[PDB]
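What follows is a set of notes on a single structure, which appears directly below.
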Number of protein chains: 10
Amino acid sequence: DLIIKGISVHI
Amino acid sequence: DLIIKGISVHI
Amino acid sequence: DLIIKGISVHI
Amino acid sequence: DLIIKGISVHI
Amino acid sequence: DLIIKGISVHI
Amino acid sequence: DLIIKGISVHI
Amino acid sequence: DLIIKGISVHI
Amino acid sequence: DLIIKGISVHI
Amino acid sequence: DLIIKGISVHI
Amino acid sequence: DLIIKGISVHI
């Protein structure tokens, strides 16, 4: 379970 | 389960 | 289950 | 199950 | 479980 | 469980 | 359990 | 349990 | 248990 | 238990 969350997500 | 969420998502 | 969601999604 | 959803989706 | 969250996430 | 969170996350 | 949190996180 | 926290974290 | 905390953490 | 804490921590 890889969870990446937030107002601005930049990968 | 790879979950990426947010107001602006940039990959 | 790869879930990508948000107001602006840019891949 | 690959789910991509949001107001503006840009691939 | 790798969780990365916050207002601005930059990877 | 690797948890990285905060207002500005820079990796 | 590796927890790194704070207002500005810089790795 | 390796915990690193504070207002500005610089690694 | 290795705990490093403070206002400005510089490693 | 190795605890290092303070206003400015410099390693």
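In the structure tokens, chains take letters A, B, ... by order of appearance, with residues numbered from 1 within each chain and ligands from 1 in the order shown.
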
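Residues of chain B assigned to strand (DSSP E or B) by DSSP on this structure's backbone: residues 2, 3, 4, 5, 8, 9 and 10 of chain B.
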
Stretch 4-8 of chain G surroundings by only C-alpha atoms, 9 Å radius, close-in-sequence under 2 positions cut, as a PyMOL selection string: (chain F and resi 2-10) or (chain G and resi 2+10) or (chain H and resi 2-10)

Let's have chain D fitted on chain E; use all the C-alpha atoms paired in order for the least-squares step and return it as a compact mmCIF listing (two decimals) with C-alpha atoms, in the first residue's frame.
```
# COMPACT_ATOMS: atom_id res chain seq x y z
CA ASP D 1 2.88 0.73 3.94
CA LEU D 2 4.76 3.73 2.55
CA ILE D 3 2.71 6.87 3.24
CA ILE D 4 3.81 10.27 1.94
CA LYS D 5 1.37 13.10 2.47
CA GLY D 6 1.33 16.85 2.86
CA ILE D 7 0.27 20.10 1.27
CA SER D 8 3.05 20.06 -1.36
CA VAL D 9 4.67 16.71 -2.15
CA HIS D 10 7.70 16.85 -4.45
CA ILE D 11 9.44 13.65 -5.50
```
